[PDB]
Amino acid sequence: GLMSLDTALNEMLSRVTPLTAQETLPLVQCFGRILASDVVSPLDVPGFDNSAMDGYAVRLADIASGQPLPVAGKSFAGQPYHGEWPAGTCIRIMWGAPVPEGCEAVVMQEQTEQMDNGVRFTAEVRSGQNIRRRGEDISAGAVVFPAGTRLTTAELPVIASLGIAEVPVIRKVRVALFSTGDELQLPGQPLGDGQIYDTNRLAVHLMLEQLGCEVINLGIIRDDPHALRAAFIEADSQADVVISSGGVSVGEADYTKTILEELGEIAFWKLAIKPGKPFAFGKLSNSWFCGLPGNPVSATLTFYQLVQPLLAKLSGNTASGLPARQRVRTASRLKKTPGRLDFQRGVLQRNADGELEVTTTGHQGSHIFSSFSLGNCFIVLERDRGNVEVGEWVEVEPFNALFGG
């Protein structure tokens, strides 16, 4: 290969600056969006002393007495109790309801014996027991979620529980996309003479949209220097990132390479990876450019391992955009050639002991695309490693939602 994935990745990310332009949106429209500013809680949580469960609000003296305590009233979720609450009585209280003024403890239903003249308290009652104190979870003025946090079902409902109806989020990353080659036809059109249906562009479009990006699909550009320069000029003026799905040079000498070098500072890398290897990256006037190789498997893997992380950083997200890996045993013999980090496709599954093991999807050649559908993970074989025998330990990276489940 030559340059390592790690090097290229580090090179790309170190040059990129996260977006800062922001917009404020209602919570229901924030899924997947990146918080632009810290969320600081405006109130204490919980908001008022409340009951840990359904039972009775009591006072230590009354319990001590020993005689049953008549119910003087109740406290429900929607309506607290503002009655009088005289000595010798207890107050019926529901889970989550505000404890009444003067409440010194709450005992659960199960520890109370119903009596003829009030309720009996069987168990011992400790001071302050089962009373959720206001502010014991989140304190006002506190930072609940930091800027750069990707909003999900885990966070948005918490933000709503604080009374906040909208939050500022980084604007979506805008990505321009196009391919080129008179050999490319649009599905639905007839294939003529060694022609093929354009597929990489569809693949990148789908992935970009699932990643939450705004996509500007310029379609298939005709094989002409002027048409190509025009696409680049418009793409660069409307997006933060411009992606060539295939057709533009990733190293080979041709008119597209000349246009590339004239329009920006682009590097033509040769990565020590498989499948794939070539990749063009650099700065255009107002955007970043990522050039993908023509082979479908190669373009997909390159986009998935290189472009995806660049997009995560640009978005303002302070976390990685790729799944974590884990050590697993292979149930398949794997053909691997030293020299390249090989992202093979595999099938992660539980064996008899509920143990996780990986199997190969089959032929790992880049002449077919079916391994992405047949598998559910990448078997990331180390650069220097050679063939792998059944039973050996191997690193596995599960496919994220782009390839579904």
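Position 1 is the first residue in the sequence shown; the rest follow in order.
Visitor: Can you tell me whether 126-134 has a higher mean C-alpha B factor than 314-322 in this record, or the other way round?
Guide: Between 314-322 and 126-134, it is 314-322 that shows the higher mean C-alpha B-factor.
Visitor: Please work out which of 237-245 and 114-122 has the higher mean CA B-factor as recorded in the PDB entry.
Guide: Per the deposited B-factors, the answer is 114-122.
Visitor: Determine which member of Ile196, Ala231, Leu306, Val167 has the highest CA B-factor, using the values in the deposited entry.
Guide: By C-alpha B-factor in the record, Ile196 ranks first.
Visitor: For the listed residues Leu177, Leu301, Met207, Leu184, which one has the largest C-alpha B-factor as given in the deposited model?
Guide: The listed residue with the largest C-alpha B-factor is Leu184.
Visitor: Where does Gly96 sit by CA temperature factor within its chain: lowest, middle or highest third?
Guide: Tercile = middle for this residue's CA B-factor.
Visitor: Please say which third, lowest, middle or highest, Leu2 falls into when its CA temperature factor is compared across its chain.
Guide: As the PDB entry reports it, the C-alpha B-factor of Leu2 lands in the highest third of its chain.
Visitor: Lowest, middle or highest third of the chain for the C-alpha temperature factor of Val16?
Guide: Its C-alpha B-factor, which the entry lists for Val16, ranks in the highest third among residues of this chain.
Visitor: Compared with the other modelled residues in the chain, in which third is the CA B-factor of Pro26?
Guide: Lowest third - that is where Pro26 ends up once the chain's C-alpha B-factors are sorted.
Visitor: Select lowest, middle or highest to describe the third in which the CA B-factor of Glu104 falls within its chain in this entry.
Guide: Middle third of the chain for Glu104's C-alpha B-factor.
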